[PDB]
């Protein structure tokens, strides 16, 4: 009977949300009391029409950053990576540059000072390294938070190299298989292309994300809501799957305070019980610089917190939130990018109903 009540709550919020934002398709996955509920709505593609099903793959954009963090954490608990070491310690071509004074932790917490977007002209590793060797932050690393795809890219690159593999092999051959996420990909295979939803951009054109340099680390994941709910459950220790569980949990370590949030290793967290005003403010930090204050010793992974991450691409919008103390979590996937405040408000209303 709790299943029907949850479905009513979700239906009543998602259907008006899709109508007013012209979202073609959504999947919403909820976990509570050890049980999983998956609700699918609308169309994965308009023409030819295809419904959202249990197998539908969505782009998740910036949610991909948490997989780079999980990989770095795995390297750390495996003794291959020290987060307090400098980036140039692991990337010898950057020795003598600004990255002598940037830690791996800094790129894992958006405190290096690197900008949000990769310069558009950077196509290959030679161009990337020339940019990084010439780069200087406006403030000292560790003093401000600037959300960065470039920093995330370095975090994943360094983690993979420390494990002896490419980032693509690290994710698709080790991390996702060991998490049981068998319908999660950086590159969708031919037998799954029929399941890969189209995204609909601001002009309502069908689009798929273009993968550029260090893009897999920052925005490359395509996945089902069921696989992401497994990822949420693994982050709450609910699944058998010991290094992997240690790695997942350690990504929730709190390293910096900024505004309303605690910045973990890519994950962000808020106090629980959660204030909706503070949750909205905390999810409006992607494009501006803020002051960052270190938490030292770091805050251990907590139960009594709201942990979350947003993601989008030109054609998709995604959100994950979970509260370990209540073993509850939510995944919301859509094939239109609609505003973060609406994602977070719907998620807050669903989890508050439980």
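Residue numbers count along the first chain shown, from 1.
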**Prompt:** Would residue 241 be found without coordinates in at least a third of the other compared entries?
**Reply:** yes
**Message:** If I compare the deposited sequence with the modelled residues, how many are absent between residue 241 and residue 242: none, 1 to 3, 4 to 9, or 10 or more?
**Reply:** 1 to 3
**Message:** Please compare 281-289 with 59-67 and say which has the higher mean C-alpha temperature factor in the record.
**Reply:** 281-289
**Item:** 48-56 versus 315-323 - which carries the larger mean C-alpha B factor in the record
**Value:** 48-56
**Asked** From 136, 208, 145, 173, pick the one with the largest CA B-factor in the entry?
**Response** 136
**Item:** Criterion, highest CA B-factor; candidates, 168, 227, 268, 121
**Value:** 121
**Item:** Chain third (lowest, middle, highest) by recorded CA B-factor, residue given as residue 103
**Value:** lowest
**Request:** Consider only the C-alpha atoms of the modelled residues in this chain, order them by B-factor as the entry records it, and name the third containing residue 110: lowest, middle or highest.
**Result:** lowest
**Request:** Quick one: classify residue 151 as lowest, middle or highest third of the chain based on its Cα B-factor.
**Result:** lowest
**Message:** Please place residue 258 in the lowest, middle or highest third of its chain according to the CA B-factor in the PDB entry.
**Reply:** middle
**Prompt:** What third of its chain, lowest, middle or highest, does the C-alpha temperature factor of residue 191 fall into?
**Reply:** highest
